[PDB]
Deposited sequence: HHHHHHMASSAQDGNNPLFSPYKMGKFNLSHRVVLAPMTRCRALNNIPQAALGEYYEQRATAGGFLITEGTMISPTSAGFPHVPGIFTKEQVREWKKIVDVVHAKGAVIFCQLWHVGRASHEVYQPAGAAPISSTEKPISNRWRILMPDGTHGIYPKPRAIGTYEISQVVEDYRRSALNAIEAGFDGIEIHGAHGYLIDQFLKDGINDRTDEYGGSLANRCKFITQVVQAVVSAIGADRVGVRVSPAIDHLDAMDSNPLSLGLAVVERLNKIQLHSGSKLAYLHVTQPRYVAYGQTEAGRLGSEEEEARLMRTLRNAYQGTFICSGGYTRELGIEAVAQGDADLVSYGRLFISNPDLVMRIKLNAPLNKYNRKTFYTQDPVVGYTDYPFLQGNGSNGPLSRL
C-alpha cells in the first residue's frame, strides 16, 4: 500500500500519506478553541501522521462562519497549546490553517457590524448564502475594497498569527488561499477588478499571495509553511478565465520564494473541482511545483492509493471521511469499511454530537 510508505515532508518524517484536511466545524465557541477540539484532533492523531486544523482567524475581521477558532489572541494561543499538546502526545504533526474569508462574511461576524474587506467592492451574488449563527442562511453584503496600506496590514496579521501558532507549539501553518476567500479574491480575475498594482495583470493578481507567503516564510521558516490554492473551483463566484495559467503563475512564485529564501516550503496543497481534464490540471500543477504536493477533493481509499502510486501526489488529505472515521488511517490500512458522515452536524456547536461521537473500529 503506497499510502503507508513513509514520506519526508521537509523536516517532518511522516509515517504515511493520509492527511487530515482542514475542516471548519464551528465548535470553537466565541472564537476560542475548546476542549472538544482537543478530543476531536486527538481522536484522529496517529504516530507520524499529518493533521491540518480547521481554518483559524488571523484577525477580528477574518471570520464568515460561527464559533471558528482564532490565533490572534494570547487566550486563543493559550487554548491552542493544550490541543497541540494532546496531538503531539500521539506523535502527529499538526499545522494551523490561517484563514481570512474576505467578502465571504456578514455584519453579524464583523466587529461593530463593519463591512467585510476584499480586493473589490463587488459582493458575492445571491446564488450563494452564508450560514448565520442561528442556523439560518443570510445574504452576503457588499465588501469594502482596501488600499495597499491595509493590504500590508493584512499581510502582517498573517505574519503575527504564524508566530502565534509557533508559540502555541504548531509544527507550522497552512496559508488558506483557496475557495473564493480573501486571497482567492485577489487571484481570480472573476473577482479582482482592481486598477492598482494588485489588479489587472496575472502578475498583479498574484502579488497578494506572494507577499503573504513571503511574510510567513521569513517569520517561521519556509519548511513550516504550507500553501493551499484552488485555481479551478468557482466556489462563491470565484472563477478565473484561465484557471491553469493562474495555477501555474502561483506555482512559479512559490518556486521563486523557495529559491530566494534558500529553503523549500512544507508543501503545496491543491483541491480539485471534483473529469480527466480536471485530473490533468492537478498533475500539471504538481509537475510544475518544486516540492511536496498534497491533493484533496473527493478522494477515497482507492483514489488515494492511485494518486500516490502514479506520482500524482505525495500526500492525500481526506475531509468528510475523516469527520465520520476518527481512525480513518487505521481503517484505510486494514481496508476496513468506512462509516458515513452526518451532513447536518458539520457546522453545529455541540461539542460531542457529530464531532467526537463517531466510533472507532470494534
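- Several segments of the deposited sequence have no coordinates for C-alpha: 1 to 15, 290 to 303, 392 to 402, numbered from the first residue.
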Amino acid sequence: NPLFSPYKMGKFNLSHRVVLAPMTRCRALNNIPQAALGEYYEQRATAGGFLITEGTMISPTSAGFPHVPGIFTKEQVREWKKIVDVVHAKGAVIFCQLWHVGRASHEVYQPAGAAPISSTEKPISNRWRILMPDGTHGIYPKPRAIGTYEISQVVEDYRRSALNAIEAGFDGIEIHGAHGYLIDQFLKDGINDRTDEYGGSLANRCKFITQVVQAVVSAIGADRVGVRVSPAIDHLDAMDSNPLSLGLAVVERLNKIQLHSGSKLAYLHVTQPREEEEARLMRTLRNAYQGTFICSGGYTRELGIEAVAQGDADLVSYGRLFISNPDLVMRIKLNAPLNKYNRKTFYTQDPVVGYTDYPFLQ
From here on, numbers count along this sequence of modelled residues.
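- Annotation for 182 to 190 versus 125 to 133: the higher mean temperature factor (C-alpha) is found in 125 to 133.
- Higher mean CA temperature factor, per the PDB entry, when comparing 240 to 248 with 275 to 283: 275 to 283.
- Between the residues 261, 148, 120, 97, the entry's highest C-alpha temperature factor is the one at 261.
- Highest C-alpha temperature factor among 153, 218, 204, 292 per the entry: 218.
- Among all modelled residues in this chain, the alpha-carbon of residue 42 has a temperature factor (C-alpha) in the highest third.
- Sort the modelled residues of the chain by CA B factor and residue 226 lands in the lowest third.
- The PDB entry assigns residue 103 a C-alpha temperature factor belonging to the lowest third of its chain's modelled residues.
- Residue-level temperature factors show residue 21 in the lowest third of its chain, judged at the C-alpha atom.
- Among the modelled residues of the chain, residue 177 sits in the lowest third by CA temperature factor in this PDB entry.
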